[PDB]
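Data from target.txt: compact mmCIF, N, CA and C atoms
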# COMPACT_ATOMS: atom_id res chain seq x y z
N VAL A 4 0.83 -1.20 0.00
CA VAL A 4 0.00 0.00 0.00
C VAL A 4 0.87 1.25 0.00
N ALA A 5 2.19 1.05 0.11
CA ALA A 5 3.11 2.18 0.07
C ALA A 5 3.16 2.80 -1.32
N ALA A 6 3.09 1.96 -2.36
CA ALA A 6 3.10 2.47 -3.73
C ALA A 6 1.87 3.30 -4.03
N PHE A 7 0.70 2.84 -3.58
CA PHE A 7 -0.54 3.59 -3.78
C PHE A 7 -0.50 4.92 -3.03
N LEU A 8 0.03 4.91 -1.80
CA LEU A 8 0.13 6.14 -1.03
C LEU A 8 1.09 7.13 -1.68
N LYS A 9 2.22 6.64 -2.19
CA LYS A 9 3.17 7.53 -2.86
C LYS A 9 2.59 8.09 -4.15
N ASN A 10 1.87 7.26 -4.92
CA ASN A 10 1.26 7.72 -6.16
C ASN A 10 0.18 8.77 -5.89
N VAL A 11 -0.68 8.53 -4.89
CA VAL A 11 -1.74 9.48 -4.60
C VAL A 11 -1.21 10.73 -3.90
N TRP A 12 -0.05 10.65 -3.24
CA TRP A 12 0.58 11.84 -2.70
C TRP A 12 1.27 12.66 -3.78
N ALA A 13 1.76 12.00 -4.83
CA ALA A 13 2.34 12.73 -5.96
C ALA A 13 1.27 13.34 -6.86
N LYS A 14 0.13 12.67 -7.01
CA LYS A 14 -0.91 13.17 -7.92
C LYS A 14 -1.76 14.24 -7.26
N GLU A 15 -2.45 13.89 -6.17
CA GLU A 15 -3.39 14.79 -5.51
C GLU A 15 -3.07 14.86 -4.02
N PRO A 16 -2.18 15.77 -3.61
CA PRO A 16 -1.85 15.88 -2.18
C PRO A 16 -2.97 16.48 -1.35
N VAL A 17 -3.88 17.23 -1.95
CA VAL A 17 -4.95 17.88 -1.19
C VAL A 17 -5.90 16.84 -0.61
N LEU A 18 -6.26 15.83 -1.39
CA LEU A 18 -7.12 14.77 -0.89
C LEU A 18 -6.43 13.94 0.19
N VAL A 19 -5.12 13.71 0.05
CA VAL A 19 -4.38 12.98 1.07
C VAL A 19 -4.37 13.76 2.38
N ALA A 20 -4.13 15.07 2.30
CA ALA A 20 -4.14 15.90 3.50
C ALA A 20 -5.52 15.95 4.14
N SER A 21 -6.57 16.05 3.31
CA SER A 21 -7.93 16.07 3.83
C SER A 21 -8.29 14.76 4.52
N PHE A 22 -7.90 13.63 3.92
CA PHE A 22 -8.21 12.34 4.52
C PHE A 22 -7.41 12.10 5.80
N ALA A 23 -6.17 12.58 5.85
CA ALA A 23 -5.38 12.44 7.08
C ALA A 23 -5.96 13.29 8.20
N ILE A 24 -6.36 14.53 7.90
CA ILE A 24 -6.98 15.39 8.90
C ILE A 24 -8.30 14.79 9.38
N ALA A 25 -9.09 14.25 8.45
CA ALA A 25 -10.35 13.60 8.81
C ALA A 25 -10.13 12.38 9.68
N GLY A 26 -9.13 11.56 9.35
CA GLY A 26 -8.85 10.38 10.15
C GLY A 26 -8.39 10.72 11.56
N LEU A 27 -7.53 11.73 11.69
CA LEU A 27 -7.13 12.18 13.02
C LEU A 27 -8.31 12.73 13.80
N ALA A 28 -9.16 13.53 13.15
CA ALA A 28 -10.31 14.11 13.84
C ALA A 28 -11.33 13.05 14.24
N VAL A 29 -11.38 11.93 13.52
CA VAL A 29 -12.30 10.86 13.88
C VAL A 29 -11.74 10.01 15.02
N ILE A 30 -10.48 9.56 14.89
CA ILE A 30 -9.96 8.58 15.84
C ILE A 30 -9.28 9.19 17.06
N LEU A 31 -9.09 10.51 17.10
CA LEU A 31 -8.39 11.13 18.22
C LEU A 31 -9.20 11.40 19.49
N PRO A 32 -10.47 11.88 19.44
CA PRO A 32 -11.19 12.10 20.71
C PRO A 32 -11.44 10.84 21.51
N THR A 33 -11.46 9.67 20.88
CA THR A 33 -11.61 8.42 21.61
C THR A 33 -10.33 7.98 22.31
N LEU A 34 -9.20 8.64 22.04
CA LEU A 34 -7.92 8.29 22.64
C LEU A 34 -7.48 9.26 23.72
N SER A 35 -7.84 10.53 23.61
CA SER A 35 -7.40 11.52 24.58
C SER A 35 -8.15 11.34 25.90
N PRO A 36 -7.49 11.55 27.04
CA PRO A 36 -8.16 11.43 28.34
C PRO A 36 -8.83 12.70 28.85
N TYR A 37 -9.03 13.71 28.00
CA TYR A 37 -9.52 15.01 28.45
C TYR A 37 -10.96 15.29 28.03
N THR A 38 -11.67 14.29 27.50
CA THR A 38 -13.05 14.51 27.10
C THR A 38 -13.97 14.64 28.31
N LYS A 39 -13.71 13.86 29.36
CA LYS A 39 -14.50 13.97 30.58
C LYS A 39 -14.28 15.32 31.26
N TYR A 40 -13.11 15.92 31.06
CA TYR A 40 -12.89 17.28 31.54
C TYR A 40 -13.85 18.26 30.88
N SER A 41 -14.04 18.12 29.57
CA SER A 41 -15.04 18.92 28.86
C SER A 41 -16.44 18.63 29.37
N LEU A 42 -16.72 17.36 29.68
CA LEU A 42 -18.04 16.97 30.16
C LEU A 42 -18.39 17.67 31.47
N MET A 43 -17.51 17.57 32.48
CA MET A 43 -17.84 18.23 33.74
C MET A 43 -17.61 19.74 33.71
N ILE A 44 -16.83 20.26 32.76
CA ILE A 44 -16.77 21.71 32.60
C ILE A 44 -18.10 22.24 32.06
N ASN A 45 -18.68 21.54 31.09
CA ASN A 45 -19.98 21.94 30.56
C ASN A 45 -21.09 21.73 31.59
N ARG A 46 -20.99 20.67 32.39
CA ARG A 46 -22.01 20.43 33.41
C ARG A 46 -21.86 21.33 34.63
N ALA A 47 -20.68 21.91 34.85
CA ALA A 47 -20.44 22.74 36.02
C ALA A 47 -20.77 24.21 35.81
N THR A 48 -21.27 24.59 34.64
CA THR A 48 -21.57 25.98 34.35
C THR A 48 -23.00 26.30 34.77
N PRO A 49 -23.21 27.23 35.71
CA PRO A 49 -24.55 27.47 36.29
C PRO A 49 -25.46 28.40 35.49
N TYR A 50 -26.16 27.82 34.52
CA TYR A 50 -27.13 28.59 33.75
C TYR A 50 -28.36 28.94 34.58
N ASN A 51 -28.87 27.98 35.34
CA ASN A 51 -30.11 28.13 36.09
C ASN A 51 -29.83 28.33 37.57
N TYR A 52 -30.87 28.75 38.29
CA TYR A 52 -30.75 28.96 39.72
C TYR A 52 -30.72 27.62 40.45
N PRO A 53 -29.83 27.44 41.42
CA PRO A 53 -29.87 26.23 42.25
C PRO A 53 -30.99 26.29 43.28
N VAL A 54 -32.19 25.88 42.88
CA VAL A 54 -33.38 25.92 43.72
C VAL A 54 -33.19 25.03 44.95
N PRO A 55 -33.34 25.56 46.16
CA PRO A 55 -33.06 24.77 47.36
C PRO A 55 -34.14 23.73 47.61
N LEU A 56 -33.81 22.79 48.49
CA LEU A 56 -34.72 21.73 48.89
C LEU A 56 -35.21 21.97 50.31
N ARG A 57 -36.41 21.49 50.59
CA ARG A 57 -36.96 21.58 51.94
C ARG A 57 -36.24 20.61 52.86
N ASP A 58 -35.88 21.09 54.05
CA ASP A 58 -35.18 20.27 55.04
C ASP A 58 -36.18 19.38 55.75
N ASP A 59 -36.31 18.13 55.28
CA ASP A 59 -37.19 17.19 55.97
C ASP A 59 -36.58 16.72 57.29
N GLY A 60 -35.25 16.57 57.33
CA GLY A 60 -34.58 16.15 58.54
C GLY A 60 -33.44 15.18 58.32
N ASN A 61 -33.48 14.42 57.23
CA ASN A 61 -32.44 13.45 56.91
C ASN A 61 -31.91 13.68 55.48
N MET A 62 -31.04 14.68 55.35
CA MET A 62 -30.32 14.93 54.11
C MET A 62 -28.87 15.23 54.46
N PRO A 63 -28.02 14.20 54.51
CA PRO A 63 -26.63 14.42 54.92
C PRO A 63 -25.71 14.86 53.79
N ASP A 64 -26.11 14.70 52.53
CA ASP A 64 -25.22 15.00 51.42
C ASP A 64 -25.26 16.46 50.99
N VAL A 65 -26.38 17.15 51.18
CA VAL A 65 -26.50 18.54 50.75
C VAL A 65 -26.17 19.44 51.93
N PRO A 66 -25.53 20.59 51.71
CA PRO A 66 -25.18 21.48 52.81
C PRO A 66 -26.32 22.45 53.14
N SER A 67 -26.15 23.13 54.27
CA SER A 67 -27.05 24.22 54.64
C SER A 67 -26.54 25.58 54.20
N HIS A 68 -25.23 25.71 53.98
CA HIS A 68 -24.60 26.92 53.50
C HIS A 68 -23.68 26.57 52.34
N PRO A 69 -23.53 27.46 51.36
CA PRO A 69 -22.60 27.20 50.26
C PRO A 69 -21.15 27.09 50.68
N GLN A 70 -20.76 27.69 51.80
CA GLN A 70 -19.40 27.61 52.29
C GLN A 70 -19.14 26.38 53.15
N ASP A 71 -20.15 25.54 53.36
CA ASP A 71 -19.95 24.29 54.07
C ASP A 71 -19.12 23.33 53.22
N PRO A 72 -18.33 22.45 53.85
CA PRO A 72 -17.46 21.55 53.07
C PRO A 72 -18.20 20.55 52.21
N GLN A 73 -19.46 20.24 52.51
CA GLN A 73 -20.21 19.29 51.70
C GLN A 73 -20.75 19.96 50.44
N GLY A 74 -20.67 19.24 49.33
CA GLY A 74 -21.13 19.76 48.06
C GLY A 74 -20.12 19.55 46.95
N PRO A 75 -20.55 19.73 45.70
CA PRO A 75 -19.64 19.54 44.56
C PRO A 75 -18.77 20.76 44.34
N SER A 76 -17.48 20.64 44.66
CA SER A 76 -16.52 21.71 44.51
C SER A 76 -15.80 21.60 43.17
N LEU A 77 -15.18 22.70 42.76
CA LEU A 77 -14.46 22.73 41.49
C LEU A 77 -13.02 23.17 41.69
N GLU A 78 -12.33 22.56 42.66
CA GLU A 78 -10.90 22.82 42.80
C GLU A 78 -10.11 22.19 41.65
N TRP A 79 -10.65 21.13 41.04
CA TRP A 79 -10.00 20.53 39.87
C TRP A 79 -10.02 21.48 38.68
N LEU A 80 -11.10 22.24 38.51
CA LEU A 80 -11.18 23.18 37.41
C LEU A 80 -10.25 24.36 37.63
N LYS A 81 -10.12 24.81 38.88
CA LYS A 81 -9.14 25.84 39.20
C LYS A 81 -7.72 25.34 39.01
N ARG A 82 -7.48 24.05 39.27
CA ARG A 82 -6.15 23.48 39.07
C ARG A 82 -5.91 23.16 37.59
N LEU A 83 -6.68 22.22 37.05
CA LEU A 83 -6.59 21.77 35.65
C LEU A 83 -5.18 21.35 35.23
N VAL B 5 40.64 55.52 -42.49
CA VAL B 5 39.19 55.50 -42.51
C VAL B 5 38.65 55.38 -41.09
N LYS B 6 37.37 55.71 -40.91
CA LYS B 6 36.72 55.63 -39.61
C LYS B 6 35.32 55.06 -39.79
N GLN B 7 35.08 53.90 -39.20
CA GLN B 7 33.79 53.23 -39.30
C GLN B 7 33.42 52.68 -37.93
N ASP B 8 32.20 52.16 -37.84
CA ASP B 8 31.76 51.47 -36.63
C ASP B 8 32.19 50.02 -36.71
N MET B 9 33.15 49.64 -35.88
CA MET B 9 33.73 48.31 -35.88
C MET B 9 33.88 47.85 -34.44
N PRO B 10 33.91 46.54 -34.21
CA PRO B 10 34.28 46.03 -32.89
C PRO B 10 35.77 46.23 -32.63
N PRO B 11 36.20 46.20 -31.36
CA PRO B 11 37.65 46.30 -31.08
C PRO B 11 38.42 45.05 -31.49
N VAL B 12 39.73 45.06 -31.24
CA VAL B 12 40.59 43.94 -31.64
C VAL B 12 40.25 42.69 -30.84
N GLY B 13 40.08 42.83 -29.53
CA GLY B 13 39.75 41.70 -28.69
C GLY B 13 38.28 41.34 -28.61
N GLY B 14 37.42 42.06 -29.33
CA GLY B 14 36.00 41.82 -29.27
C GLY B 14 35.37 42.43 -28.03
N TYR B 15 34.06 42.23 -27.92
CA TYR B 15 33.32 42.74 -26.78
C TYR B 15 33.28 41.69 -25.67
N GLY B 16 32.60 42.02 -24.58
CA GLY B 16 32.52 41.14 -23.44
C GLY B 16 31.47 40.06 -23.62
N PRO B 17 31.33 39.22 -22.59
CA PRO B 17 30.34 38.14 -22.65
C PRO B 17 28.92 38.67 -22.59
N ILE B 18 28.02 37.94 -23.26
CA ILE B 18 26.60 38.27 -23.31
C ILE B 18 25.81 37.00 -23.05
N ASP B 19 24.93 37.03 -22.05
CA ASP B 19 24.21 35.84 -21.62
C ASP B 19 22.98 35.58 -22.48
N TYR B 20 22.67 34.29 -22.67
CA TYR B 20 21.49 33.91 -23.43
C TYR B 20 20.80 32.68 -22.84
N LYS B 21 21.04 32.35 -21.57
CA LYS B 21 20.51 31.14 -20.97
C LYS B 21 19.55 31.48 -19.84
N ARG B 22 18.56 30.60 -19.63
CA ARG B 22 17.58 30.79 -18.57
C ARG B 22 18.25 30.65 -17.21
N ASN B 23 17.97 31.60 -16.31
CA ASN B 23 18.58 31.65 -14.99
C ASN B 23 17.49 31.68 -13.93
N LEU B 24 17.23 30.53 -13.31
CA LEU B 24 16.33 30.44 -12.16
C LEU B 24 17.11 29.89 -10.97
N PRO B 25 17.36 30.68 -9.93
CA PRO B 25 18.31 30.27 -8.88
C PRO B 25 17.82 29.17 -7.96
N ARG B 26 16.51 28.87 -7.94
CA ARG B 26 15.90 27.87 -7.06
C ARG B 26 16.19 28.21 -5.59
N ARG B 27 15.58 29.32 -5.16
CA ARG B 27 15.70 29.78 -3.79
C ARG B 27 14.52 29.29 -2.96
N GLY B 28 14.82 28.85 -1.74
CA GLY B 28 13.78 28.39 -0.84
C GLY B 28 14.19 27.22 0.02
N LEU B 29 13.26 26.71 0.81
CA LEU B 29 13.50 25.58 1.69
C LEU B 29 12.83 24.33 1.14
N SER B 30 13.21 23.19 1.70
CA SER B 30 12.58 21.93 1.34
C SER B 30 11.18 21.84 1.95
N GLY B 31 10.41 20.85 1.47
CA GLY B 31 9.04 20.70 1.94
C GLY B 31 8.93 20.31 3.40
N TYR B 32 9.88 19.52 3.89
CA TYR B 32 9.86 19.10 5.29
C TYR B 32 9.98 20.29 6.23
N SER B 33 10.81 21.27 5.86
CA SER B 33 11.02 22.44 6.70
C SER B 33 9.75 23.27 6.85
N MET B 34 9.10 23.59 5.73
CA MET B 34 7.89 24.42 5.79
C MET B 34 6.74 23.67 6.44
N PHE B 35 6.62 22.36 6.18
CA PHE B 35 5.57 21.59 6.82
C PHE B 35 5.78 21.51 8.33
N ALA B 36 7.03 21.34 8.78
CA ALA B 36 7.32 21.32 10.21
C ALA B 36 7.07 22.68 10.84
N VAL B 37 7.38 23.76 10.12
CA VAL B 37 7.10 25.11 10.63
C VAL B 37 5.60 25.32 10.81
N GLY B 38 4.81 24.88 9.83
CA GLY B 38 3.36 24.99 9.94
C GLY B 38 2.79 24.17 11.08
N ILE B 39 3.30 22.95 11.27
CA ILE B 39 2.83 22.10 12.36
C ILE B 39 3.19 22.71 13.71
N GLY B 40 4.40 23.27 13.84
CA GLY B 40 4.77 23.92 15.09
C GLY B 40 3.94 25.15 15.39
N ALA B 41 3.62 25.94 14.36
CA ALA B 41 2.74 27.09 14.55
C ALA B 41 1.35 26.65 14.98
N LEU B 42 0.83 25.57 14.38
CA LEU B 42 -0.47 25.04 14.78
C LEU B 42 -0.46 24.59 16.23
N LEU B 43 0.60 23.91 16.66
CA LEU B 43 0.67 23.42 18.04
C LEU B 43 0.76 24.57 19.03
N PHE B 44 1.54 25.61 18.71
CA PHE B 44 1.63 26.77 19.59
C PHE B 44 0.29 27.49 19.70
N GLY B 45 -0.40 27.66 18.57
CA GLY B 45 -1.72 28.28 18.61
C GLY B 45 -2.72 27.47 19.40
N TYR B 46 -2.68 26.14 19.26
CA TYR B 46 -3.60 25.27 19.99
C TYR B 46 -3.36 25.35 21.49
N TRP B 47 -2.09 25.37 21.91
CA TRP B 47 -1.77 25.48 23.33
C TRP B 47 -2.22 26.82 23.92
N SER B 48 -1.94 27.92 23.21
CA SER B 48 -2.36 29.23 23.70
C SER B 48 -3.87 29.33 23.77
N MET B 49 -4.56 28.77 22.77
CA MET B 49 -6.02 28.81 22.77
C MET B 49 -6.61 27.97 23.89
N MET B 50 -5.99 26.82 24.20
CA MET B 50 -6.48 26.00 25.30
C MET B 50 -6.35 26.74 26.64
N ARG B 51 -5.24 27.45 26.84
CA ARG B 51 -5.05 28.16 28.10
C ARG B 51 -6.03 29.32 28.24
N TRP B 52 -6.16 30.12 27.18
CA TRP B 52 -7.06 31.27 27.24
C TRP B 52 -8.52 30.85 27.32
N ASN B 53 -8.90 29.74 26.68
CA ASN B 53 -10.28 29.29 26.74
C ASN B 53 -10.63 28.73 28.11
N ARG B 54 -9.69 28.04 28.76
CA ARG B 54 -9.94 27.59 30.14
C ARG B 54 -10.12 28.78 31.08
N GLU B 55 -9.27 29.81 30.93
CA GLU B 55 -9.41 31.00 31.76
C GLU B 55 -10.74 31.70 31.51
N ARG B 56 -11.16 31.78 30.24
CA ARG B 56 -12.43 32.42 29.92
C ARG B 56 -13.62 31.64 30.48
N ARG B 57 -13.53 30.31 30.48
CA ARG B 57 -14.58 29.49 31.09
C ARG B 57 -14.69 29.75 32.59
N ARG B 58 -13.54 29.87 33.27
CA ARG B 58 -13.57 30.18 34.70
C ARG B 58 -14.18 31.56 34.96
N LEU B 59 -13.84 32.55 34.13
CA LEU B 59 -14.41 33.89 34.29
C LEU B 59 -15.92 33.88 34.06
N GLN B 60 -16.38 33.12 33.06
CA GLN B 60 -17.81 33.02 32.79
C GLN B 60 -18.55 32.36 33.95
N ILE B 61 -17.94 31.33 34.56
CA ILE B 61 -18.54 30.68 35.72
C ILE B 61 -18.65 31.66 36.88
N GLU B 62 -17.62 32.49 37.09
CA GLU B 62 -17.66 33.49 38.15
C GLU B 62 -18.78 34.51 37.92
N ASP B 63 -18.93 34.98 36.69
CA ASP B 63 -20.00 35.93 36.39
C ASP B 63 -21.38 35.30 36.57
N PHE B 64 -21.53 34.03 36.18
CA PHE B 64 -22.80 33.35 36.35
C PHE B 64 -23.16 33.19 37.82
N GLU B 65 -22.19 32.85 38.66
CA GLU B 65 -22.50 32.72 40.08
C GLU B 65 -22.74 34.09 40.73
N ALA B 66 -22.18 35.16 40.16
CA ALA B 66 -22.56 36.50 40.60
C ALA B 66 -24.03 36.78 40.30
N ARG B 67 -24.50 36.39 39.11
CA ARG B 67 -25.92 36.54 38.80
C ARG B 67 -26.79 35.67 39.71
N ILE B 68 -26.30 34.47 40.05
CA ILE B 68 -27.01 33.59 40.97
C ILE B 68 -27.18 34.25 42.33
N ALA B 69 -26.13 34.92 42.81
CA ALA B 69 -26.23 35.65 44.07
C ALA B 69 -27.18 36.84 43.96
N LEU B 70 -27.22 37.50 42.80
CA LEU B 70 -28.06 38.69 42.67
C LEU B 70 -29.51 38.40 42.33
N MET B 71 -29.86 37.16 41.98
CA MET B 71 -31.21 36.85 41.50
C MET B 71 -32.37 37.13 42.46
N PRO B 72 -32.35 36.75 43.75
CA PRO B 72 -33.59 36.84 44.55
C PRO B 72 -34.10 38.25 44.80
N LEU B 73 -33.20 39.23 44.96
CA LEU B 73 -33.64 40.61 45.13
C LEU B 73 -34.36 41.12 43.90
N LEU B 74 -33.82 40.81 42.71
CA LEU B 74 -34.49 41.19 41.47
C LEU B 74 -35.82 40.48 41.32

Can the structure from this file be put into structure tokens for me?
Amino acid sequence: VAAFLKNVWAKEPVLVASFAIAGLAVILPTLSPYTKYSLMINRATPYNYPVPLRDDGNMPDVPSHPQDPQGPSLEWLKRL
Amino acid sequence: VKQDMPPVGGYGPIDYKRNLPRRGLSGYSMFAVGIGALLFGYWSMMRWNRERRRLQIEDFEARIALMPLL
């Protein structure tokens, strides 16, 4: 397949460059480990108001104040 | 007598051949320069876009703080 690649690179280099760019753009996001970073960056952006919940009495995971240590923090985004 | 004649030794050389000096670099050099420029631009854009995302998050949480009075 080296002869075919050399012939098509000598004849039409534009199509070879386009196909190489397309192949990298297709097979590269499945290899990089930074796609989940984009996922939680997009999910961490506050478009809507964080509507509070009524305190029934047993909710240990949610805080009572935003400065409380419980809750989803973004020190990873500040670090990156 | 006096006429228009060439000198005894003749005139100087006169060129009649195509002269193209072939100035420039090889293809590997320019392609590597372009790839390096692309990588530098991609790195700078990644840094500035991450900073802009953090700034946008800060402005959004400022609006979140200001919402109930409005």

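Proximity to chain B was assessed for A:53, A:60, A:46, A:78 counting only C-alpha atoms; the smallest distance is recorded for A:53.
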
Report the distance between CA of residue 69 (chain A) and CA of residue 49 (chain A) in Å, rounded to one decimal place.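 Separation between CA of residue 69 (chain A) and CA of residue 49 (chain A): 14.1 Å.
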
At a cut-off of 7 Å, list the chain A residues touching chain B, using all atoms listed in the file, as a count of residues only. 7

Interatomic distance (Å, one decimal) between atom N of residue 64 (chain A) and CA of residue 79 (chain A): 21.3 Å

Length of the CA of residue 25 (chain B) to CA of residue 10 (chain A) vector [Å]: 28.4 Å

Please extract the residues of chain B with a backbone DSSP assignment of helix (DSSP H, G or I) and present them as a short mmCIF file (atom, residue, chain, number, x, y, z; two decimals) with N, CA and C atoms, in the frame of the given file.
data_model
loop_
_atom_site.label_atom_id
_atom_site.label_comp_id
_atom_site.auth_asym_id
_atom_site.auth_seq_id
_atom_site.Cartn_x
_atom_site.Cartn_y
_atom_site.Cartn_z
N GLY B 31 10.41 20.85 1.47
CA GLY B 31 9.04 20.70 1.94
C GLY B 31 8.93 20.31 3.40
N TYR B 32 9.88 19.52 3.89
CA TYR B 32 9.86 19.10 5.29
C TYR B 32 9.98 20.29 6.23
N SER B 33 10.81 21.27 5.86
CA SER B 33 11.02 22.44 6.70
C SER B 33 9.75 23.27 6.85
N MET B 34 9.10 23.59 5.73
CA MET B 34 7.89 24.42 5.79
C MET B 34 6.74 23.67 6.44
N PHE B 35 6.62 22.36 6.18
CA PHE B 35 5.57 21.59 6.82
C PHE B 35 5.78 21.51 8.33
N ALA B 36 7.03 21.34 8.78
CA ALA B 36 7.32 21.32 10.21
C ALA B 36 7.07 22.68 10.84
N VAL B 37 7.38 23.76 10.12
CA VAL B 37 7.10 25.11 10.63
C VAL B 37 5.60 25.32 10.81
N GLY B 38 4.81 24.88 9.83
CA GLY B 38 3.36 24.99 9.94
C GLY B 38 2.79 24.17 11.08
N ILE B 39 3.30 22.95 11.27
CA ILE B 39 2.83 22.10 12.36
C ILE B 39 3.19 22.71 13.71
N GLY B 40 4.40 23.27 13.84
CA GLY B 40 4.77 23.92 15.09
C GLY B 40 3.94 25.15 15.39
N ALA B 41 3.62 25.94 14.36
CA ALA B 41 2.74 27.09 14.55
C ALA B 41 1.35 26.65 14.98
N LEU B 42 0.83 25.57 14.38
CA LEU B 42 -0.47 25.04 14.78
C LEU B 42 -0.46 24.59 16.23
N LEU B 43 0.60 23.91 16.66
CA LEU B 43 0.67 23.42 18.04
C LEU B 43 0.76 24.57 19.03
N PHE B 44 1.54 25.61 18.71
CA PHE B 44 1.63 26.77 19.59
C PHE B 44 0.29 27.49 19.70
N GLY B 45 -0.40 27.66 18.57
CA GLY B 45 -1.72 28.28 18.61
C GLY B 45 -2.72 27.47 19.40
N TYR B 46 -2.68 26.14 19.26
CA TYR B 46 -3.60 25.27 19.99
C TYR B 46 -3.36 25.35 21.49
N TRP B 47 -2.09 25.37 21.91
CA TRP B 47 -1.77 25.48 23.33
C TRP B 47 -2.22 26.82 23.92
N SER B 48 -1.94 27.92 23.21
CA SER B 48 -2.36 29.23 23.70
C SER B 48 -3.87 29.33 23.77
N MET B 49 -4.56 28.77 22.77
CA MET B 49 -6.02 28.81 22.77
C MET B 49 -6.61 27.97 23.89
N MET B 50 -5.99 26.82 24.20
CA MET B 50 -6.48 26.00 25.30
C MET B 50 -6.35 26.74 26.64
N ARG B 51 -5.24 27.45 26.84
CA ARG B 51 -5.05 28.16 28.10
C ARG B 51 -6.03 29.32 28.24
N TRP B 52 -6.16 30.12 27.18
CA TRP B 52 -7.06 31.27 27.24
C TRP B 52 -8.52 30.85 27.32
N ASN B 53 -8.90 29.74 26.68
CA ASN B 53 -10.28 29.29 26.74
C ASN B 53 -10.63 28.73 28.11
N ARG B 54 -9.69 28.04 28.76
CA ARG B 54 -9.94 27.59 30.14
C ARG B 54 -10.12 28.78 31.08
N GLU B 55 -9.27 29.81 30.93
CA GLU B 55 -9.41 31.00 31.76
C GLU B 55 -10.74 31.70 31.51
N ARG B 56 -11.16 31.78 30.24
CA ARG B 56 -12.43 32.42 29.92
C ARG B 56 -13.62 31.64 30.48
N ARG B 57 -13.53 30.31 30.48
CA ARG B 57 -14.58 29.49 31.09
C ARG B 57 -14.69 29.75 32.59
N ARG B 58 -13.54 29.87 33.27
CA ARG B 58 -13.57 30.18 34.70
C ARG B 58 -14.18 31.56 34.96
N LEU B 59 -13.84 32.55 34.13
CA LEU B 59 -14.41 33.89 34.29
C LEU B 59 -15.92 33.88 34.06
N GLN B 60 -16.38 33.12 33.06
CA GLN B 60 -17.81 33.02 32.79
C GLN B 60 -18.55 32.36 33.95
N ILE B 61 -17.94 31.33 34.56
CA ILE B 61 -18.54 30.68 35.72
C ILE B 61 -18.65 31.66 36.88
N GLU B 62 -17.62 32.49 37.09
CA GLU B 62 -17.66 33.49 38.15
C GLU B 62 -18.78 34.51 37.92
N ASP B 63 -18.93 34.98 36.69
CA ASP B 63 -20.00 35.93 36.39
C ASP B 63 -21.38 35.30 36.57
N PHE B 64 -21.53 34.03 36.18
CA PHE B 64 -22.80 33.35 36.35
C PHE B 64 -23.16 33.19 37.82
N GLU B 65 -22.19 32.85 38.66
CA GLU B 65 -22.50 32.72 40.08
C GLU B 65 -22.74 34.09 40.73
N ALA B 66 -22.18 35.16 40.16
CA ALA B 66 -22.56 36.50 40.60
C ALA B 66 -24.03 36.78 40.30
N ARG B 67 -24.50 36.39 39.11
CA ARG B 67 -25.92 36.54 38.80
C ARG B 67 -26.79 35.67 39.71
N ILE B 68 -26.30 34.47 40.05
CA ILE B 68 -27.01 33.59 40.97
C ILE B 68 -27.18 34.25 42.33
N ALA B 69 -26.13 34.92 42.81
CA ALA B 69 -26.23 35.65 44.07
C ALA B 69 -27.18 36.84 43.96
N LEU B 70 -27.22 37.50 42.80
CA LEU B 70 -28.06 38.69 42.67
C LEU B 70 -29.51 38.40 42.33
#
